[PDB]
Amino acid sequence: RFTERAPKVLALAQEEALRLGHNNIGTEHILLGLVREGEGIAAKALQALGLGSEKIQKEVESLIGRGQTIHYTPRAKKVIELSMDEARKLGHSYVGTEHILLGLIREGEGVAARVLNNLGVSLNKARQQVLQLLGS
């Protein structure tokens with residue numbers, strides 16, 4: 001149900017949660033995966049918005065702090081479900097990195113959203129800008 005790059009986001013999200021010593025894979029780890037994957041549309045959008053992996057990493061560690069089997073948080077699961085809806089609405093059968101980013105922005109209320117707020121990003125403006133990119 002995913003593009004080639006979307007599972008790489010998920011792999012990195014889990015790796016980051018483990019590297020940071022965290023107990024679950026939350027929306028902020030999905031955000032880290034989106035930016036660190038580097039090549040997908042989501043990474044491109046985050047780059048164009050003036051963000052980068054190190055800035056996001058530092059803000060995650062500031063807000064949450066550092067700490068085997070880690071599970072997705074309920075909100076991260078919701079974001080993944082929303083990514084499927086975002087893809088469908090845009091005429092795609094496969095969920096790409098951009099749909100995970102849109103699902104994260106749409107949910108708009110977890111640790112990733114707090115991080116984005118603290119990094120100076122408006123979610124509503126960012127949603128419009130990501131869609132603008134997809135329409136280009």
# chains A, B, ... in the order shown; residues from 1 in each chain; ligands from 1
>>> closest_atom_pairs(of="segment 35-66 of chain A", to="segment 1-23 of chain A", cutoff="8 Å", atoms="only C-alpha atoms", output="CSV")
residue,atom,partner,partner_atom,distance
A:36,CA,A:12,CA,7.4
A:37,CA,A:9,CA,5.8
A:40,CA,A:5,CA,6.5
A:66,CA,A:20,CA,5.1
>>> residues_around(residues="residue 34 of chain A", least_positions_apart="4", cutoff="12 Å", atoms="only C-alpha atoms", output="tab-separated table (two decimals) with C-alpha atoms, in the first residue's frame")
chain	number	residue	atom	x	y	z
A	5	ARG	CA	10.28	5.48	-0.18
A	6	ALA	CA	7.46	5.53	2.36
A	7	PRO	CA	8.74	2.39	4.16
A	8	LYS	CA	12.14	4.04	4.44
A	9	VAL	CA	10.51	6.82	6.45
A	10	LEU	CA	9.04	4.20	8.76
A	11	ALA	CA	12.39	2.42	9.12
A	12	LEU	CA	14.09	5.65	10.08
A	13	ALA	CA	11.32	6.63	12.44
A	14	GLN	CA	11.86	3.40	14.36
A	16	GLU	CA	15.45	7.26	15.61
A	27	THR	CA	4.70	11.48	15.43
A	28	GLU	CA	8.00	13.23	16.08
A	29	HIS	CA	9.89	10.09	14.98
A	30	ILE	CA	7.77	10.00	11.82
A	38	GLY	CA	16.17	12.91	2.28
A	39	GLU	CA	15.05	12.01	-1.23
A	40	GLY	CA	11.27	11.80	-1.10
A	41	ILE	CA	8.77	14.57	-1.72
A	42	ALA	CA	8.22	15.05	2.03
A	43	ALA	CA	11.92	15.69	2.60
A	44	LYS	CA	11.92	18.14	-0.30
A	45	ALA	CA	8.95	19.98	1.16
A	46	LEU	CA	10.51	20.17	4.63
A	47	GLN	CA	13.74	21.45	3.07
A	51	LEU	CA	13.90	22.97	8.00
A	52	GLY	CA	16.52	20.27	8.14
A	53	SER	CA	17.32	17.07	9.97
A	56	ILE	CA	14.34	18.94	13.91
A	57	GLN	CA	16.53	16.51	15.86
A	96	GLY	CA	4.02	8.17	-0.55
A	97	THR	CA	6.19	10.22	1.79
A	98	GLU	CA	4.15	13.32	0.96
A	99	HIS	CA	0.96	11.64	2.16
A	100	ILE	CA	2.56	10.77	5.48
A	101	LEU	CA	3.60	14.42	5.81
A	102	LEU	CA	0.07	15.55	4.94
A	103	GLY	CA	-1.36	13.07	7.45
A	104	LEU	CA	0.98	14.46	10.11
A	112	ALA	CA	5.62	16.57	15.77
>>> atom_distance(atom1="atom CA of residue 73 of chain A", atom2="atom CA of residue 121 of chain A")
23.1 Å
>>> select_by_dssp(residues="segment 22-111 of chain A", states="alpha helix (DSSP H)", output="number ranges by chain")
A: 27-37, 41-48, 53-64, 74-89, 97-107, 111
>>> write_last_selection(atoms="C-alpha atoms", output="CSV table (one decimal), in the first residue's frame")
chain,number,residue,atom,x,y,z
A,27,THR,CA,4.7,11.5,15.4
A,28,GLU,CA,8.0,13.2,16.1
A,29,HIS,CA,9.9,10.1,15.0
A,30,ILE,CA,7.8,10.0,11.8
A,31,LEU,CA,8.8,13.6,11.3
A,32,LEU,CA,12.5,12.7,11.8
A,33,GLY,CA,12.0,9.9,9.3
A,34,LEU,CA,10.4,12.2,6.7
A,35,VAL,CA,13.3,14.6,6.8
A,36,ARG,CA,16.1,12.1,7.2
A,37,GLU,CA,14.9,10.0,4.3
A,41,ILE,CA,8.8,14.6,-1.7
A,42,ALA,CA,8.2,15.0,2.0
A,43,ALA,CA,11.9,15.7,2.6
A,44,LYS,CA,11.9,18.1,-0.3
A,45,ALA,CA,9.0,20.0,1.2
A,46,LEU,CA,10.5,20.2,4.6
A,47,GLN,CA,13.7,21.5,3.1
A,48,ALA,CA,11.8,24.1,1.1
A,53,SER,CA,17.3,17.1,10.0
A,54,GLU,CA,19.6,18.6,12.6
A,55,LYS,CA,17.2,21.4,13.5
A,56,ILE,CA,14.3,18.9,13.9
A,57,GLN,CA,16.5,16.5,15.9
A,58,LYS,CA,17.6,19.2,18.3
A,59,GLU,CA,14.1,20.4,18.9
A,60,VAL,CA,12.8,16.9,19.5
A,61,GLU,CA,15.6,16.3,22.1
A,62,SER,CA,14.8,19.7,23.7
A,63,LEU,CA,11.1,19.0,24.1
A,64,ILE,CA,11.2,15.3,24.9
A,74,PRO,CA,-1.8,5.8,19.1
A,75,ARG,CA,-1.3,9.1,17.4
A,76,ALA,CA,1.3,7.8,15.1
A,77,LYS,CA,-1.0,5.0,14.0
A,78,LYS,CA,-3.7,7.6,13.4
A,79,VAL,CA,-1.2,9.6,11.2
A,80,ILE,CA,-0.5,6.5,9.1
A,81,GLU,CA,-4.3,5.9,8.7
A,82,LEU,CA,-4.7,9.5,7.7
A,83,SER,CA,-1.9,9.2,5.2
A,84,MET,CA,-4.0,6.6,3.4
A,85,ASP,CA,-6.9,8.9,3.3
A,86,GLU,CA,-4.7,11.8,2.0
A,87,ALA,CA,-3.4,9.6,-0.8
A,88,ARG,CA,-6.8,8.5,-1.8
A,89,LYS,CA,-8.1,12.1,-1.9
A,97,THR,CA,6.2,10.2,1.8
A,98,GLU,CA,4.2,13.3,1.0
A,99,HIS,CA,1.0,11.6,2.2
A,100,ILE,CA,2.6,10.8,5.5
A,101,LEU,CA,3.6,14.4,5.8
A,102,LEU,CA,0.1,15.6,4.9
A,103,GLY,CA,-1.4,13.1,7.5
A,104,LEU,CA,1.0,14.5,10.1
A,105,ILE,CA,0.0,18.0,9.3
A,106,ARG,CA,-3.7,17.1,9.2
A,107,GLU,CA,-3.6,15.4,12.6
A,111,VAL,CA,4.8,16.0,19.4
>>> atom_distance(atom1="atom CA of residue 129 of chain A", atom2="atom CA of residue 113 of chain A")
16.2 Å
>>> closest_residue(among="A:92, A:109, A:72, A:49", to="residue 125 of chain A", atoms="only C-alpha atoms")
A:49
>>> atom_distance(atom1="atom CA of residue 136 of chain A", atom2="atom CA of residue 91 of chain A")
15.2 Å
>>> select_by_dssp(residues="chain A", states="strand (DSSP E)", output="VMD selection string")
chain A and resid 24 to 25 71 to 72
>>> write_last_selection(atoms="N, CA and C atoms", output="compact mmCIF listing (two decimals), in the first residue's frame")
# COMPACT_ATOMS: atom_id res chain seq x y z
N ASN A 24 8.41 4.55 22.46
CA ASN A 24 7.46 4.29 21.38
C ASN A 24 7.91 5.08 20.17
N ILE A 25 7.28 4.77 19.04
CA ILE A 25 7.50 5.46 17.79
C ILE A 25 6.36 6.46 17.63
N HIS A 71 6.65 0.27 20.09
CA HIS A 71 5.44 0.26 19.29
C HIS A 71 5.10 1.68 18.86
N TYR A 72 4.28 1.79 17.82
CA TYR A 72 3.76 3.10 17.43
C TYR A 72 2.86 3.64 18.53
